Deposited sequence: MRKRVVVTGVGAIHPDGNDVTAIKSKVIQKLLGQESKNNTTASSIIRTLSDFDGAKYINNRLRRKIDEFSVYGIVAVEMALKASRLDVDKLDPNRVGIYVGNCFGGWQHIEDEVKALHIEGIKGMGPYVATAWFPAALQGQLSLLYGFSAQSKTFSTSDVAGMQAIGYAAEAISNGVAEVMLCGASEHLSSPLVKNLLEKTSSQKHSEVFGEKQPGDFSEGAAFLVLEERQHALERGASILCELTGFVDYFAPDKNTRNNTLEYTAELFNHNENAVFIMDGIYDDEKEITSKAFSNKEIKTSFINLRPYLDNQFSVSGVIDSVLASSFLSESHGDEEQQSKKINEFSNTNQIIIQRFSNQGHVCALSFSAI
């Protein structure tokens, strides 16, 4: 096994188009029917080529601009990195509907002539993974997850496992979503609000948001050798499932073991469901834990696969230095509707 560290982060959100601007507004909100918030003053021609953009969807666009910031933050010389030792992990649930919607409708009224050659490449969730591999030339093991809600959380976790076992020295893990297109827009505005979980219960009131968030995970010795500014160390990952309410409580007690009996810790919670506070506290009380609870979900909104990652990029920013101060470990949790229980652990140096 080997140790994994966060060297760089980057994200875009309706709050802000960079990591610093998002973190500032998060502090401000923390100090003092559903809708889909879009990005303010965003222009993808500012980042991506015109020949390429006309081929790809907005979710692929948001991912490309996210990694550019993350790579720039890490101060990696891309020409000096071995492409064989760099991989790409992605989380994405909804795909790229905006690019193919009109062609899907057109195929019924017109015929084959209504459809173009980029429907297959633009829509599928692993498109971001491939576009990133063409642009940067990264050749190591690169996966895409599309598990409901948790996709991006798994992307980070299994990217760390890959670095640990010596598959790659660097990993671009993160998530991206686009929820503005008519089909997914009208779906989320109606259906998603009223839905409930069998395991976790009823959903809290809240909006949805789109964008992306990415980290630059890498091997510890690789970071120290090149004289990189390490934000934090990825100390642990949890990936479990709860088929019923009996297992739910026992599953949360494994998230408790991720603390290592650390009193000086902050717990960022999922914040989708009402009953989370009660069930998590009851499980954490059994394991003798004393920690602070923070909910970023009302401020950052439900971003599905990104919701887990956007916490990690912010968590990484605080550890590199309101409530996050005097804390040497930030644990994040993420649930799903079907009953996933997942959590990451970042610790300071």
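**Q** Compare what was deposited with what's modelled and send me the C-alpha-less stretches, numbered from 1.
**A** Missing CA coords at 1, 34 to 42, 332 to 343.
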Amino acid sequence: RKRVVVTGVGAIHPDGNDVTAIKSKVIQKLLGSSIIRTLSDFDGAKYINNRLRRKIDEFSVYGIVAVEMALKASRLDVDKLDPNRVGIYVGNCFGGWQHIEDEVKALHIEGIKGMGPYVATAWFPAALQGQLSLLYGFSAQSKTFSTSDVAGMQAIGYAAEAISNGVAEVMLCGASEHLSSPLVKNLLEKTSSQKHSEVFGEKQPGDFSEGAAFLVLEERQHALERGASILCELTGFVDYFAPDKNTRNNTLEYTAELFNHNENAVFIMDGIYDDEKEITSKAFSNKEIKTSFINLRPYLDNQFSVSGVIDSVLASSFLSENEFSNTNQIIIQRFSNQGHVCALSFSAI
From here on, numbers count along this sequence of modelled residues.
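**Q** Comparing 133 to 141 with 115 to 123, which stretch shows the greater average C-alpha B-factor in the deposited entry?
**A** Going by the record's values, the stretch with the higher mean is 115 to 123.
**Q** Out of 189 to 197 and 223 to 231, which stretch has the higher average CA B-factor listed in the record?
**A** Per the PDB record, 189 to 197.
**Q** Looking at 312, 305, 320, 60, which one carries the largest C-alpha B-factor according to the PDB entry?
**A** It is 320.
**Q** Based on what the PDB entry reports, which of 149, 276, 79, 218 has the top C-alpha B-factor?
**A** Of 149, 276, 79, 218, 276 has the highest C-alpha B-factor.
**Q** Residue 13: which third of its chain by C-alpha temperature factor?
**A** Tercile = middle for this residue's CA B-factor.
**Q** Which third, lowest, middle or highest, does the CA B-factor of residue 64 fall in along this chain?
**A** For residue 64, the deposited C-alpha B-factor lands in the lowest third.
**Q** By its CA B factor, does residue 205 count among the lowest, middle or highest third of the modelled residues in the chain?
**A** Its C-alpha B-factor, which the entry lists for residue 205, ranks in the highest third among residues of this chain.
**Q** Lowest, middle or highest third: where is residue 154 by Cα B-factor in its chain?
**A** Lowest third.
**Q** Can you work out whether the C-alpha temperature factor of residue 341 puts it in the lowest, middle or highest third of the chain?
**A** Ranked within chain, residue 341 CA B lands in the lowest tercile.
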